[PDB]
Amino acid sequence: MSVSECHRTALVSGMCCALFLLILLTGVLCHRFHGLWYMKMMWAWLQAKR
């Protein structure tokens, strides 16, 4: 809306930051599913039969 072009940097900056949050969010669930994590992983581990 603003004749200024710099404004573009903002719109792009917003997404650039949101992307970082995606990496942190993964941790939020990691905690809630801290136990289930191993429960499921166990299936993948034994499946290999190392």
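Calculation notes
- Residues numbered from 1 in each chain as written, not as in the entry; some residues may be left out.
- Heavy atoms only, no water.
- Helix = DSSP H or I, 4+ residues; strand = E, 2+ residues; numbered from the N terminus.
- Buried < 20%, exposed > 50% of the residue type's maximum accessible area, 1.4 Å probe, protein only.
- Areas by Shrake-Rupley, 256 points an atom, 1.4 Å probe, with all protein chains shown as cover.
- Patch = residues over 30% accessible without salt bridge, like charges linked within 9 Å, V, L, I, M, F, W, Y side chains within 5 Å.
- Salt bridge = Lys/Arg side-chain N within 4 Å of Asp/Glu carboxyl O.

Method information in the entry identifies solution NMR as the source of the structure.

Participant: Looking at this model, I keep getting lost on the overall build of the protein chain. Mind explaining?
Facilitator: In terms of regular secondary structure, the protein chain is built from two helices and zero strands. Counting only C-alpha atoms, the protein chain reaches 65 × 20 × 10 Å along its principal axes. When burial is assessed residue by residue, the protein chain has 0% of its 50 residues classed as buried. Element-wise, carbon and sulfur atoms account for 74% of the exposed surface of the protein chain, whose accessible area totals about 5400 Å².

Participant: Would you explain unusual backbone geometry in this entry?
Facilitator: With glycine set apart, most residues show a phi of negative sign, and most peptide bonds adopt trans. Look at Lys49: it is not a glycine, yet its phi comes out positive at around 65°. Within the secondary structure, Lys49 sits in the segment after helix 2 (34-48).

Participant: What should I look at first to understand a nonpolar patch on the surface in this one?
Facilitator: Together, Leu19, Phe20, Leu21, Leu22, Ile23, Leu24, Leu25 and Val28 give the surface a local cluster of nonpolar side chains, amounting to about 800 Å² of exposed area. Looking at the secondary structure, you find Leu24 in helix 1 (residues 7-32).

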